[PDB]
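Following: one structure in structure tokens, then a few remarks.
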Amino acid sequence: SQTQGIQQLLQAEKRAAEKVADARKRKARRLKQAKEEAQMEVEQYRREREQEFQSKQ
Amino acid sequence: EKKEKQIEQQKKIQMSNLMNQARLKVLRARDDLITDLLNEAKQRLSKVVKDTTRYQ
């Protein structure tokens with residue numbers, strides 16, 4: 001009865017912590033994602049700039 | 001910026017070099033021509049030596 005309600009208090013706190021953990025995992029995933037788009041764009045800059053260099057040469 | 005500046009600088013040095021060797025070629029050609037003239041002159045002198053009277 002009441003102890004079941006207290007179990008529900010604990011479980012609601014648990015799933016709130018699960019939401020927090022999921023949000024933190026989303027943040028880490030987002031930062032890793034940003035890392036590879038950064039890699040892609042810098043690769044693109046290198047390509048544009050080496051085609052410019054061969055053009056100049 | 002580093003690589004671009006290096007490349008253009010080397011281009012300038014190469015151009016200045018090429019101009020220099022052009023000038024050097026023309027000048028050495030001048031030298032060769034004048035030395036040829038001198039060689040002809042000494043040959044003429046050798047010819048002049050042959051005649052006995054004016055040589056005396």
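In the structure tokens, chains take the letters A, B, ... in the order shown, each chain's residues start at 1, and ligands count up from 1 in the order shown.
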
Residues of chain A that approach chain B to 9 Å or less, counting only C-alpha atoms: could you list each one with the shortest pair of atoms and its distance in Å to one decimal, rows by chain and increasing residue number, as JSON lines?
{"residue": "A:53", "atom": "CA", "partner": "B:4", "partner_atom": "CA", "distance": 7.9}
{"residue": "A:56", "atom": "CA", "partner": "B:4", "partner_atom": "CA", "distance": 8.9}
{"residue": "A:57", "atom": "CA", "partner": "B:7", "partner_atom": "CA", "distance": 8.2}

query = What separation in Å, quoted to one decimal, exists between atom CA of residue A:46 and atom CA of residue A:33?
reply =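 It comes out at 20.1 Å.
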